[PDB]
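Residues per chain are reported as follows:
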Amino acid sequence: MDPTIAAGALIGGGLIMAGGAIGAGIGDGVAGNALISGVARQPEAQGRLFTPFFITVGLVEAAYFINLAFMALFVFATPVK
Amino acid sequence: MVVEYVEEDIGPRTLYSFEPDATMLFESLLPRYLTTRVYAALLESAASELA
Ligand SMILES: COc1cc([C@](O)(CCN(C)C)[C@@H](c2cc3cc(Br)ccc3nc2OC)c2cccc(OC)c2F)cc(OC)n1
């Protein structure tokens, strides 16, 4: 009955936050790995390397936050009902 | 050639990139260094002979 939809939001919602964290978690890694090396090669670059870095992270973090929002929309709104 | 470790000079220095790598470049540059030394020797000898 209605419970079968409830878990359908808890499972699906969980998925929305699984692929979210694998997305940001690795993204912020593979982006930050290019910052450290950069700063490791010339310390005076830390001033300007934040201009590309905080762009990529921005994009990456968007992919997370949207999913975050959707997870709420799955757990606190249950659209298909 | 004698290897003498003179100083540090640069500590937080912007590191050099080597293409393809440092060792191959070094072993390809050493004979050029020897021959430019021999060239400078020949030039100094010519000037000395004229003097
Ligand atoms: C709430 O859902 C979103 C979605 C989006 C985007 O999908 C990008 C998501 N990434 C940043 C993780 C975005 C987008 C779609 C594209 C589509 C093609 Br075809 C080609 C390039 C595209 N490039 C884009 O931006 C880089 C987009 C989409 C719609 C309206 C938009 O206006 C507000 C809008 F910006 C951003 C967002 O911000 C909170 N919320």
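Residues numbered from 1 in each chain as written, not as in the entry; some residues may be left out. Chains lettered and ligands numbered in written order. Part of a larger assembly, values for the part shown. Heavy atoms only, no water.

By the method listed in its record, cryo-EM, this PDB entry was determined to a resolution of 2.80 Å.

Time to look at unusual backbone geometry. A cis amide bond links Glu19 of chain B to the next residue, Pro20 of chain B, at an omega of 0°. Within the fold, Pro20 of chain B resides in the segment before α1 (22-50). Unusually for a residue other than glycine, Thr78 of chain A sits at a positive phi of about 45°. If you trace the backbone, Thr78 of chain A turns up in the segment after α2 (50-75). One non-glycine residue, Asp9 of chain B, lies in the positive phi region at around 65°. (Helix = DSSP H or I, 4+ residues; strand = E, 2+ residues; numbered from the N terminus.)

All names here are of chain A. Relative to the 58 Å expected for 40 residues at 1.5 Å per residue, helix α1 (residues 2-41) spans 59 Å between its end C-alpha atoms, a close match to the ideal helical length. Listing the buried residues of α1 in full gives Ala9, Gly12, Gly13, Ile16, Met17, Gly20, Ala24, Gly27, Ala31, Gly32, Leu35 and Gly38. Packed against the buried residues of α1 are α2. (Expected span 1.5 Å × (residues − 1). Buried < 20%, exposed > 50% of the residue type's maximum accessible area, 1.4 Å probe, protein only. Contact = heavy atoms within 4.5 Å.)

This paragraph deals with the interface of chain B and chain A. Counting from both sides, the interface comprises 4 residues of chain B and, opposite them, 5 residues of chain A. Summed over both sides, the interface of chain B with chain A buries roughly 290 Å², with 51% coming from carbon and sulfur. Put simply, chain B and chain A have 0 salt bridges between them. By residue class, the composition of the side of chain B that touches chain A is 2 nonpolar, 2 polar and no charged. (Buried area = accessible area lost by both parts, 1.4 Å probe. Salt bridge = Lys/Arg side-chain N within 4 Å of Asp/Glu carboxyl O. Nonpolar A, V, L, I, M, F, W, Y, C, P; charged D, E, K, R; others polar.)

What follows is about the packing of aromatic side chains. All names here are of chain A. Enumeration over the complete set of coordinates arrives at 4 aromatic pairs over all chains. Centre to centre, the rings of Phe50 and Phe53 are 6.3 Å apart; their planes meet at 40°, and the pair counts as tilted. Note that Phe50 and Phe53 are positioned in helix α2 at a spacing of 3 residues, about one turn of the helix. For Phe53, a relative accessible area of 16% puts it in the buried group. Judged by centre distance (5.2 Å) and plane angle (35°), the rings of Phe53 and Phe54 are tilted. (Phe/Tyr/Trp six-rings, centres within 6.5 Å; stacked < 30°, edge-to-face > 60°.)

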